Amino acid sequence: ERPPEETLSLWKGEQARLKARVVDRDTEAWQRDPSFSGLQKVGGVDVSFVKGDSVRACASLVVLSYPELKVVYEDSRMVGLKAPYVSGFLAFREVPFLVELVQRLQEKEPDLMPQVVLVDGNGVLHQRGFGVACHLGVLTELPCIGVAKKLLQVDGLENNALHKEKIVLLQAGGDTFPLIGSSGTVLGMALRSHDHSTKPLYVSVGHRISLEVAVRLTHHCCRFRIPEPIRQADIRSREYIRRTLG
């Protein structure tokens, strides 16, 4: 199902041009506050699928109050997902539909626009430094955080024995270790998201946030391993699929 190389080459070019717009520092007052005072609304996006369907998916956007993490907005919608999944090109599959949900939120409940969006996928921890979380952030201009559930093995990062030893060393929720690429760059952080979970999240900057702020906020959104905004978008979009054929 993989697109031809000329197509991937065009997509690489687009990623490299948009990357110039990524802001990888704090631009919002709440981000420099020790307790995120001023942060009121946190967004989460995800896309679920039907096992049989190569065409149909369900895209969900949720907004949660902060710090209580209660759902104040949900839009789950069937969409005609086209492009296949190709590692490093996730945005070309999911991000056009996620942009449409943000625009629907602006049109329907503009006062509930999230101040930051947690994205199910990497940001700058990416083959070309421009993952789905950056891509969504640049297209919507919202602050975004990339949260991935396994390690993207790029710029020398490997899920080898040493990497797994560092995971064992993470002992409680909040513990972290930096992901340092062969380039000298800190690409992201491995984060132990709560006390009763050993498999880390991999957190990276999407847009308009610093890495250390992205980690700390992500930690604060974790009732469970998956940060509550992504988890609710994940749960609600699968439930929606289940309600309509299943």
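Take the two forms, superpose them, and find the largest set of C-alpha atoms that agree within 1.5 Å; that set is the rigid core. Residue indices: 1-based, along the sequence shown.
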Legend entry - Segment of greater CA departure in 8 other deposited structures of this protein, 77 to 85 or 118 to 126, core superposed: 77 to 85
Legend entry - Greater root mean square CA deviation, 5 to 13 compared with 233 to 241 in 8 other deposited structures of this protein, core aligned: 5 to 13
Legend entry - Segment of higher mean CA temperature factor, 161 to 169 or 97 to 105: 161 to 169
Inset, instruction - Name the higher of the two by mean Cα B-factor in the PDB entry, 143 to 151 versus 69 to 77. - result: 69 to 77
Inset, instruction - Could you say which of 39, 55, 187, 63 has its CA atom at the highest B factor, as listed in the PDB entry? - result: 55
Legend entry - Highest recorded Cα temperature factor - choice among 46, 212, 33, 26: 33
Legend entry - Among modelled residues of the same chain, the CA temperature factor third for residue 233: middle
Inset, instruction - Could you look up the Cα B-factor of residue 83 in the entry and say which third of the chain it sits in: lowest, middle or highest? - result: highest
Inset, instruction - Relative to the other modelled residues of the same chain, rank the CA B-factor of residue 207 and answer lowest, middle or highest third. - result: lowest
Legend entry - Modelled-residue ranking by C-alpha temperature factor, third containing residue 16: middle
Legend entry - B-factor third for the C-alpha atom of residue 137 within its chain: lowest
